[PDB]
Amino acid sequence: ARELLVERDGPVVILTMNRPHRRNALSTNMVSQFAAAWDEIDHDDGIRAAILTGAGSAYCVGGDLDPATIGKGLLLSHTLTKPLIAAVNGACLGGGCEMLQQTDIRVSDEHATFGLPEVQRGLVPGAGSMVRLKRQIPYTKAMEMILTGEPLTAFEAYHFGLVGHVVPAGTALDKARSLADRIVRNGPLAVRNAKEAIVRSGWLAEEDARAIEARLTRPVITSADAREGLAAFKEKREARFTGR
Amino acid sequence: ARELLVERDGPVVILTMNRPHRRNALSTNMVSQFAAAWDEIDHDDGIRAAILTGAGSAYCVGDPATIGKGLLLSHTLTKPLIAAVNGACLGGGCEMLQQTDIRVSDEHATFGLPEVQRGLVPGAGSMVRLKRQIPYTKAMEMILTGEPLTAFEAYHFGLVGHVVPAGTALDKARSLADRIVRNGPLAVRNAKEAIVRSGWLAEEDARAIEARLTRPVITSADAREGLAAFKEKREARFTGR
Amino acid sequence: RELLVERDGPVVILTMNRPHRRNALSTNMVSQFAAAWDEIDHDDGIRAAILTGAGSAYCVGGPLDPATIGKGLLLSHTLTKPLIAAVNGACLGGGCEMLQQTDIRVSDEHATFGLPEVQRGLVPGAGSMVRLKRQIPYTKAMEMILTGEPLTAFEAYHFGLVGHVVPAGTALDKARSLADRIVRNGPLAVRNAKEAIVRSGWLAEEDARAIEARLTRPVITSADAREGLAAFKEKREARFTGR
């Protein structure tokens with residue numbers, strides 16, 4: 001009946017989140033029991049591995065020009081405060097592919113290509129690609145793109161996670177609009193602060209990064225929108241967010 | 001014929017790079033208009049999302065301590081932690097998943113952080129960590145839209161390391177744990193610590209952290225035994241020394 | 001020579017050459033790597049390097065000053081020229097550690113990739129604990145190092161550890177082809193691009209972009225950049241000089 005089951009099988013401990021009536025949603029109780037279980041696992045040298053799972057058929061559903069102008073235009077020195085969705089309808093090369101790295105959500109047409117050919121003409125992709133690309137897709141493919149200058153297909157771009165969708169010819173803007181519609185229904189302060197926390201925390205020392213995250217999370221927790229989210233669910237009615 | 005068309009449909013702005021005769025190559029004028037669009041999009045509270053696209057064929061050719069520990073927010077486990085994701089993994093479950101090491105997904109599992117849909121954020125580490133662990137664009141998509149990944153997508157983007165048939169995640173996690181259990185305990189512990197603590201820090205500092213944790217492993221009893229057992233064709237008998 | 005060093009004009013090919021021991025990293029091979037990297041960085045005529053193994057394996061397993069070891073393994077040293085891995089077969093331990101310092105990576109369909117160190121009471125402490133999670137999805141980097149179990153070529157491709165999987169026996173062929181494309185590119189541009197990519201790392205983006213701008217400037221003002229615009233106006237092959 002305990003909310004976190006703890007089972008020892010020789011050198012392995014199995015932890016089972018156990019609240020079937022809430023499909024194993026975290027509770028203050030379960031979280032206290034987690035803290036205790038981590039201490040046990042850390043202290044007992046005979047425990048060599050731990051497994052985390054959920055009871056039944058759910059794991060945990062969980063809750064409970066001017067250089068200023070140039071830099072800003074290219075999103076090189078500027079980060080957009082709102083979500084930016086790329087509908088990549090075709091060839092995305094050079095400066096286009098440099099700017100793509102400052103888009104958030106990315107839909108590729110079947111026939112789109114992605115490339116930074118700069119080195120082939122004795123230039124470099126110095127509009128952020130050398131800093132950013134390896135942060136966003138696997139290192140070896142970032143390196144390959146920049147040092148060879150050769151383009152990726154849409155399938156490859158999707159394989160290496162440069163984009164998040166590949167869709168039938170001519171439908172990228174349709175799919176982008178559908179994603180946008182989902183975003184505009186979300187809490188606007190929540191969306192803005194989430195993007196800013198994701199971007200500004202970067203890959204910094206985790207402790208500093210978590211401080212950045214907390215600074216942007218606190219205002220969301222205390223917001224009117226956050227309470228509306230709950231009161232809406234449920235005064236049996238959809239949420240009306242205002243961004244405050 | 002404006003080089004960057006700006007179109008507003010309610011809370012969405014659509015930006016269209018518009019020099020199709022040049023496959024929408026960036027120009028001075030377009031960059032200037034881009035800057036003005038970003039400013040407009042940032043200032044206007046009624047704009048909640050922007051879409052960027054190209055005209056024609058081309059896109060562009062250029063006790064709080066207890067919660068913190070429990071959620072593994074402020075604590076990192078010293079032993080390997082394997083997630084057997086047997087079903088839906090949403091919100092808090094998906095936040096804590098980022099502090100597991102090795103991850104097995106049931107074919108029917110889904111993975112999501114719906115917080116923004118209720119006016120909240122996944123602030124138990126996800127905004128720090130998710131983009132470090134999977135491709136930036138899918139991390140962004142997950143948090144900003146709040147919509148879940150399927151098991152196949154989670155595996156594609158590397159959120160998980162395995163996808164397995166219905167009801168078999170725990171079986172696979174146990175098999176993985178068995179392999180780890182047979183490995184050198186000091187080596188495993190120090191390896192996890194070195195992986196986590198080196199982080200994405202300046203490589204010089206990161207390697208110093210790695211070297212510190214590696215040195216005691218190299219000179220250990222278990223290293224002599226491990227290499228003897230391998231050579232002698234027998235199970236290593238490790239002690240963590 | 002446990003490491004063959006051979007030239008094809010601007011391309012240098014390095015072959016780990018102890019096939020009887022599946023090209024295991026020895027003291028002498030690490031020493032010979034260290035000297036090879038020094039030569040490659042110093043020789044302006046070398047525009048790309050390829051690394052591969054003799055026989056069925058690429059590199060499996062493994063008196064010197066620590067600076068020799070550090071340079072040889074590319075632990076404390078970053079090659080100034082592009083390095084292409086032609087992974088012809090098994091790539092385990094030391095070989096998979098060095099792999100993370102190669103830039104472009106071609107895997108034979110039958111190659112495998114792993115760090116079995118913890119299975120023998122060791123850790124992969126030649127950069128893998130630092131680097132692997134930066135280059136592939138965290139959970140798979142964790143699984144590789146903590147379990148010690150290998151990946152197939154198609155799995156390594158899935159997780160972005162390598163950039164290509166090719167038909168059996170053709171990894172060096174594909175590597176030479178990629179090298180030919182690189183050798184035709186601006187050598188100052190390729191050098192400074194690699195330096196900017198590596199040096200910017202995952203640092204605070206303001207600092208990283210300042211690093212990028214400083215390395216970008218001499219490229220933008222170079223003779224090669226001008227020659228590149230002429231050649232991509234006139235519709236001919238560029239003749240670059242690295243200036």
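First the proteins, then the strands, lettered A, B, ... as listed; each starts at 1. All heavy atoms count here, side chains included; hydrogens, waters and symmetry mates do not.
Proximity to chain A is absent for every atom of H108(B), based on heavy atoms less than 4.5 angstrom apart. For a residue to count as touching a neighbouring chain, one of its non-hydrogen atoms must lie under 4.5 Å from one of that chain's; by this rule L73(B) touches chain A with backbone and side chain alike. Of the atoms belonging to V107(A), not a single heavy atom falls under 4.5 Å from chain B. Of the two parts of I51(B), the backbone and the side chain both hold a non-hydrogen atom closer than 4.5 Å to a non-hydrogen atom of chain A. Looking at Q33(B), neither its backbone nor its side chain comes within 4.5 Å of chain A, counting heavy atoms on both sides. Both the backbone and the side chain of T28(B) come within contact range of chain A, each with at least one heavy atom under 4.5 Å from a heavy atom of that chain. Of the atoms belonging to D106(B), not a single heavy atom falls under 4.5 Å from chain A. For a residue to count as touching a neighbouring chain, one of its non-hydrogen atoms must lie under 4.5 Å from one of that chain's; by this rule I14(A) touches chain B with the side chain only. Interface remark: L77(B) contributes backbone and side-chain atoms alike to the contact with chain A (heavy atom separation under 4.5 Å). Both the backbone and the side chain of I41(A) come within less than 4.5 Å of a heavy atom in chain B. Using a 4.5 Å cut-off between heavy atoms, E196(A) makes no contact with chain B at all. Using a 4.5 Å cut-off between heavy atoms, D208(A) makes no contact with chain B at all. Heavy atoms of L81(B) lying under 4.5 Å from chain A belong to its backbone as well as its side chain. Residue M99(A) touches chain B through its side chain alone, counting heavy-atom pairs closer than 4.5 Å. Neither the backbone nor the side chain of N24(A) comes within contact range of chain B; no heavy atoms are under 4.5 Å apart. With a 4.5 Å cut-off on non-hydrogen atoms, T110(B) does not touch chain A at all. Within the 4.5 angstrom heavy-atom criterion, atoms from both the backbone and the side chain of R174(B) approach chain A. Residue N29(B) does not touch chain A at all, counting heavy-atom pairs closer than 4.5 Å.
The two residues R106(A) and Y136(B) make their nearest non-hydrogen contact at NH2-CD2, 3.6 Å. Residues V220(A) and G119(B) approach most closely at CG1-O, 3.4 Å, considering heavy atoms. Taking both residues in full, the closest heavy atoms of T137(B) and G164(A) are given as CG2-N, 3.9 Å, listed atom of the first, atom of the second, then distance. Contact between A35(B) and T69(A) at its shortest, heavy atoms only, is CB-O, 3.7 Å. The shortest heavy-atom contact between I105(A) and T145(B) is CD1-CG2, 3.8 Å. Here the shortest heavy-atom pairing between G93(B) and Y59(A) reads O-CE2, 4.0 Å.
A donor-acceptor contact shorter than 3.5 Å is absent between the side chain of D104(A) and the backbone of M140(B). Here the side chain of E213(A) pairs a donor or acceptor atom with the backbone of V128(B) at under 3.5 angstrom. Judged by distance alone, the side chain of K82(A) and the main-chain N or O of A50(B) form no donor-acceptor pair under 3.5 Å. Although no hydrogens or angles enter the test, the distance criterion places no donor-acceptor pair under 3.5 Å between the side chain of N89(A) and the main chain of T53(B). A donor-acceptor contact shorter than 3.5 Å is absent between the side chain of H78(A) and the backbone of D39(B). Here the side chain of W38(B) pairs a donor or acceptor atom with the backbone of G73(A) at under 3.5 angstrom.
Side-chain contact between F34(A) and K69(B): absent, with no pair of heavy atoms (C-beta onward) separated by less than 4.5 Å. Between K138(B) and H165(A), the closest side-chain pair of non-hydrogen atoms falls below 4.5 Å.
Highest contact tally toward chain A, considering only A37(B), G91(B), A177(B), is held by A177(B) [criterion: heavy-atom pairs under 4.5 Å]. Interface check for chain A: of the options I180(B), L144(B), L176(B), the most heavy-atom pairs under 4.5 Å are formed by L144(B). Annotation: maximal heavy-atom pairing with chain B below 4.5 Å, among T103(A), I137(A), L189(A), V163(A), occurs at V163(A). For the options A172(A), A197(A), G115(A), heavy-atom pairs under 4.5 Å to chain B are most numerous at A197(A). Ranking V31(A), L52(A), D42(A), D9(A) against chain B, the residue ahead of the rest is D42(A), based on heavy-atom pairs under 4.5 Å. Between chain B and the residues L26(A), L65(A), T217(A), the most heavy-atom pairs under 4.5 angstrom are made by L65(A).
For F157(B) and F160(A), the gap between ring centers reaches or exceeds 6.0 Å.
For CG of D45(A), the number of neighbouring non-hydrogen atoms (other residues, nucleotides, ligands) closer than 6.0 Å is 12 at most. At most 12 non-hydrogen atoms from other residues, nucleotides or ligands lie less than 6.0 angstrom from CZ of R22(B).
Note that NE2 of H43(B) and OG1 of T81(A) are 11.0 Å apart. Values are rounded to the nearest 0.5 Å. Atom CD1 in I67(B) sits 7.5 Å away from atom OG in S32(A) (nearest 0.5 Å).
In summary, of the residues considered (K131(B), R129(B), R132(B)), a side-chain hydrogen bond (donor to acceptor under 3.5 Å, both in side chains) with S201(A) occurs for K131(B) alone.
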